Amino acid sequence: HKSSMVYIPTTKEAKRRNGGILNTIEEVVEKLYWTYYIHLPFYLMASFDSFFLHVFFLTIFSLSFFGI
Amino acid sequence: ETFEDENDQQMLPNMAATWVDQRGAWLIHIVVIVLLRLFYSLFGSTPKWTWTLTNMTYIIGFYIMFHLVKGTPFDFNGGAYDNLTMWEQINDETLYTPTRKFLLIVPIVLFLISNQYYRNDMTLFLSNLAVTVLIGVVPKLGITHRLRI
Amino acid sequence: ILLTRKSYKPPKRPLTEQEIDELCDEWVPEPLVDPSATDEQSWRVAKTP
């Protein structure tokens, strides 16, 4: 019972079709970036406020590290 | 207000003054305070300046949010609240509820904690006590309800 | 002192002249006596020696 629907494979399947540890490092970096990005309201700011808030947080972390 | 206005007000829960009773609505006022301390300390000045800045900014922000704007930020029925601030709409105009008690207690404890550091300066001590008393508890009394100057 | 209050509600504004007048004109009292059952009971009066 075939229909006119085009299916899209899960990312796991895409990697399996496309086949050491450096990629694992890159993906955990991506994971961390995803957490940081989604738990803050970046999807609702055009570009300027988002850029400004990024600089803001980066400055906070830099100053905290320098002090401690 | 008259019968129709009260019916419009009572016909629907006020979405702009009901979240204050939900989960986490109390710990947020304490959490926004601990962040101001870590930011004004990051400025890098002497303790008394950091503490007075913290107390001042919290009180001013709280006032400008809960006391300055009148009405609902969206359409209610025909507005039905076109001349009431957010503080007066808490708990459908019932005074001295636990929420109102907590929001009264917060600035006093803020001053008590901050006092120990800038206590040795008369000007800072006077300014902080003046701003606390005159921009905190006073608008939140039961005698200043619906009082326009 | 603040922590020891009772959590009341603001007092309702009282009525005024015209409200009272229209309410009073809206009120209707019953008659002194009840004239409904008088006629089917007056045989007592009519049959007294």
# chains A, B, ... in the order shown; residues from 1 in each chain; ligands from 1
>>> select_by_dssp(residues="chain A", states="helix (DSSP H, G or I)", output="PyMOL selection string")
chain A and resi 11-18+22-38+48-67
>>> interface_residues(of="chain A", to="chain B", cutoff="12 Å", atoms="only C-alpha atoms", output="JSON, numbers by chain")
{"A": [56, 57, 59, 60, 61, 62, 63, 64, 65, 66, 67, 68]}
>>> write_last_selection(atoms="N, CA, C and O atoms", output="CSV table (one decimal), in the first residue's frame")
chain,number,residue,atom,x,y,z
A,56,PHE,N,27.8,40.1,26.0
A,56,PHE,CA,27.6,40.3,27.4
A,56,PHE,C,28.0,39.1,28.2
A,56,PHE,O,28.7,39.2,29.2
A,57,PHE,N,27.4,37.9,27.8
A,57,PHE,CA,27.7,36.7,28.6
A,57,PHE,C,29.2,36.4,28.4
A,57,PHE,O,29.8,35.9,29.4
A,59,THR,N,31.7,38.4,28.1
A,59,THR,CA,32.4,39.3,29.0
A,59,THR,C,32.3,38.9,30.5
A,59,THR,O,33.2,38.9,31.2
A,60,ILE,N,31.1,38.4,30.8
A,60,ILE,CA,30.9,38.0,32.2
A,60,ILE,C,31.8,36.8,32.5
A,60,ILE,O,32.5,36.8,33.5
A,61,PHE,N,31.8,35.8,31.6
A,61,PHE,CA,32.7,34.7,31.8
A,61,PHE,C,34.1,35.0,31.9
A,61,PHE,O,34.9,34.5,32.7
A,62,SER,N,34.6,35.9,31.0
A,62,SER,CA,36.0,36.4,30.9
A,62,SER,C,36.4,37.0,32.2
A,62,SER,O,37.4,36.7,32.8
A,63,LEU,N,35.5,38.0,32.7
A,63,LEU,CA,35.8,38.7,33.9
A,63,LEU,C,35.8,37.7,35.1
A,63,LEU,O,36.7,37.8,36.0
A,64,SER,N,34.9,36.8,35.2
A,64,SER,CA,34.8,35.8,36.3
A,64,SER,C,36.1,35.0,36.3
A,64,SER,O,36.7,34.7,37.4
A,65,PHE,N,36.5,34.5,35.1
A,65,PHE,CA,37.7,33.7,35.1
A,65,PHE,C,39.0,34.5,35.5
A,65,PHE,O,39.8,34.0,36.2
A,66,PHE,N,39.0,35.8,35.0
A,66,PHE,CA,40.2,36.6,35.4
A,66,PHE,C,40.2,36.9,36.9
A,66,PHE,O,41.3,36.8,37.5
A,67,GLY,N,39.1,37.1,37.5
A,67,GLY,CA,39.1,37.4,38.9
A,67,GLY,C,39.4,36.1,39.7
A,67,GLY,O,40.0,36.2,40.7
A,68,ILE,N,38.9,35.0,39.2
A,68,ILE,CA,39.1,33.7,39.9
A,68,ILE,C,40.1,32.8,39.2
A,68,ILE,O,41.1,32.3,39.8
>>> closest_atom_pairs(of="chain C", to="chain B", cutoff="6 Å", atoms="only C-alpha atoms", output="tab-separated table")
residue	atom	partner	partner_atom	distance
C:7	CA	B:96	CA	4.5
C:8	CA	B:95	CA	5.9
C:9	CA	B:94	CA	4.9
>>> write_last_selection(atoms="N, CA and C atoms", output="mmCIF file, in the first residue's frame")
data_model
loop_
_atom_site.group_PDB
_atom_site.id
_atom_site.type_symbol
_atom_site.label_atom_id
_atom_site.label_comp_id
_atom_site.auth_asym_id
_atom_site.auth_seq_id
_atom_site.Cartn_x
_atom_site.Cartn_y
_atom_site.Cartn_z
ATOM 1 N N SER C 7 -5.733 39.770 56.249
ATOM 2 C CA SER C 7 -6.081 39.526 54.845
ATOM 3 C C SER C 7 -7.573 39.749 54.583
ATOM 4 N N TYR C 8 -7.970 41.011 54.701
ATOM 5 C CA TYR C 8 -9.343 41.416 54.442
ATOM 6 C C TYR C 8 -9.515 41.784 52.968
ATOM 7 N N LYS C 9 -10.687 42.320 52.625
ATOM 8 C CA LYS C 9 -11.036 42.809 51.303
ATOM 9 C C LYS C 9 -11.502 44.257 51.398
#
>>> residues_around(residues="residue 5 in chain B", least_positions_apart="4", cutoff="10 Å", atoms="only C-alpha atoms", output="tab-separated table (two decimals) with C-alpha atoms, in the first residue's frame")
chain	number	residue	atom	x	y	z
B	1	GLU	CA	-16.87	50.28	39.58
B	9	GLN	CA	-13.52	42.09	35.38
B	10	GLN	CA	-14.92	38.93	37.00
B	11	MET	CA	-15.79	37.16	33.73
B	77	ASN	CA	-12.82	43.04	27.44
B	78	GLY	CA	-12.90	46.81	26.78
B	79	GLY	CA	-9.84	46.97	28.97
B	80	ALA	CA	-11.71	46.71	32.28
B	81	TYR	CA	-8.49	47.65	34.12
>>> residues_around(residues="residue 54 in chain A", least_positions_apart="6", cutoff="12 Å", atoms="only C-alpha atoms", output="PyMOL selection string")
chain A and resi 36-37+40-42+45+47-48+60-61
>>> residues_around(residues="residue 33 in chain B", least_positions_apart="5", cutoff="9 Å", atoms="only C-alpha atoms", output="list in words")
residues 28, 54, 55 and 58 of chain B
>>> atom_distance(atom1="CA of residue 125 in chain B", atom2="CA of residue 107 in chain B")
14.9 Å
